[PDB]
Amino acid sequence: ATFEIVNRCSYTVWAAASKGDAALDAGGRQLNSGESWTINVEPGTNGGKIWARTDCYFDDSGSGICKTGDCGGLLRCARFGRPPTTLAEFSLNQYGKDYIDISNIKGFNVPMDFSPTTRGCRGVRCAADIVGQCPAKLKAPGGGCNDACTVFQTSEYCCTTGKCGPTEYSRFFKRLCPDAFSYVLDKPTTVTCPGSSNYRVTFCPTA
């Protein structure tokens, strides 16, 4: 499956793509404002994610740091990124269908649209100004809006027991972005797409 990753932000981002125990494609790349990077994701990929990283530095070997979304200090991510990270999440070719969503469970850094480029389903978007409106207690000094699990490490926010409800913090994310997951047991906003669809992830889709 192809994923075209487009940076419409006015700032550079370092895109990342991983399934947690391996890179997807090259796993990461710089995207200056307006640039597009097309990756190939193996059919059947379960639990893949794409995200943006901000304010990165990398040496000539591909080692460094990012303020949001850092994946073990690598340009080429093989692991998931450090919160806060807006997440484009997907599982492909699962009993004949693909499943996509956007999640704020690991916080928010960059607005994104995640849409199919082929027929048969619809896209999802989280493009509100979550960083600007972020509750004071969730603001990440390094940039972004942390989720409450990251900040407070409670069973309730982290849904550790498999029992949890919505919270004031989850409701903030949900109010700004109804079409993204706000906590683990949120009413699902997953979209079912035809198996083997192709996609576009756009950072800063509206500005």
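Residue numbering in chain A adheres to Swiss-Prot, whereby the residues present occupy positions 23-229 in order.
Placed from the backbone N, Cα and C atoms, the Cβ positions cover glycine too.
For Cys143, the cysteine that Swiss-Prot lists as its disulphide partner among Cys78, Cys199, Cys215 is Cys215. For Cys180, the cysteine that Swiss-Prot lists as its disulphide partner among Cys167, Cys171 is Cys171. Between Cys148 and the candidates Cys99, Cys186, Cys199, Swiss-Prot records the disulphide pairing with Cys199. In this structure the alpha carbons, written CA, of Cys181 (disulfide bond) and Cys171 (disulfide bond) are 8 Å apart. Shown are the disulfide-bonded residues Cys31, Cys78, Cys148, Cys156, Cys186; the one with the most C-beta atoms within 10 angstroms of its own C-beta is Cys148. The Cβ of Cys171 (disulfide bond) lies under 8 Å from the Cβ of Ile127, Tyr179, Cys180, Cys181, each of which sits 6+ residues away along the same chain. A distance of 9 Å separates the Cα atom of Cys226 (disulfide bond) from that of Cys148 (disulfide bond). Long-range C-beta contacts of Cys215 (disulfide bond), restricted to its own chain and to partners at least six residues apart, with a cutoff below 8 Å, comprise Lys119, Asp120, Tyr121, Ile122, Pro138, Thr140, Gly142, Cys143.
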